[PDB]
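The form deposited in one PDB entry is given below as one chain in C-alpha cells.
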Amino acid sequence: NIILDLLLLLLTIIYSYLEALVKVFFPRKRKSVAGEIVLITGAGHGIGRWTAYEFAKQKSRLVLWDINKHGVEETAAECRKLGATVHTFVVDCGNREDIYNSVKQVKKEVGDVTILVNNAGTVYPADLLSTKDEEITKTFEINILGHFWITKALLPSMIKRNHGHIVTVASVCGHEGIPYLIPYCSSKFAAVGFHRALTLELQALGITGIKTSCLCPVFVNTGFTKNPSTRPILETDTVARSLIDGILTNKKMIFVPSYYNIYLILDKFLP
C-alpha cells in the first residue's frame, strides 16, 4: 500500500517529465485554426464553454450548440468579448431530427463547419439496478448516437474539400470501467470506438485532409457529476487548454492528465 503509492507516484513524475522533454527536443508543429468554422456541442457550460474560449482566442468563427439557451448565449457573449464571430443555436444533440434541421440552418447562416467538437454529454450515476431505462437511452442518444448524426451531416463537405477535424470528447471512462457509471462507461467506450474506426476508415478511403482527436479527461470540476466521496484534481481551463493543444498538433488521443496513459498501459499486463 505504501510501496505501490511511492511506485506509481514516481512514474507520475517520470512519464510527465519525459513528455515535457520530448515536447521541446522533438516538437509536433502547430497548425492555425483562424477563420475555420468550429461547431462546439455542449458549449453552454464546462469543457464545451472553455473550449469555445480557446477557439475564440485562436480567431476561429464559432457555432455553439446547446439545449440551455441562457448558458450557450452567456458563452457566446464571452467569445465576442475575445474578438470572435459567434452564432448560437438551441439544439438537442441527442435528437437526430433536431440535429439535421439545425445543420441546414448552420449551412444557410454561417456556411460549412470545418472543425466539429462532439462535446455534449449526459450521465445519471447509479448502480445498474438503480438506473432508469429512460436514463440508459438518454446516455446513449447524447454520448454516442448524436455523434453519428452530427458527423454524418457535416462530414460530406469536409470530404469534398479534403479538410476537416472531428473531435470526440469521450473520458477515461471510455478506456476503463468505473462502478456506478455502467451506462456512462459503455457509452464512452462507444465514443472511443467511433473515433478509432473513423480514423481507420478515412485512412482506408484515402482521405488525408480530415484529422481526428479524442479527448479523454479524468474527473473535472464542472458539476457534471457529484465530486467523489473520499478520493487527481483537474480544473476546466486545464482541460480546454489540453484539448486546443491536442487539436492544433493533430494529436489523436488526448488524455488529461497526459500521464494517465501509464495506468492504461499497466492494466494491459495485470493478471
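Sequential numbering from 1, following the sequence displayed.
There is another form of the same protein, the form deposited in another entry; it is not shown, and what comes next is about it.
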Split into two rigid parts between the shown form and the other one, does the chain put residue 48 together with residue 22?
no
So the C-alpha spacing of residue 168 and residue 16 changes by 3 Å or more in the other form; is that change toward closer or farther than shown?
farther
A change of 3 Å or more separates this form from the other: in the other form, the C-alpha atoms of residue 259 and residue 21 are closer
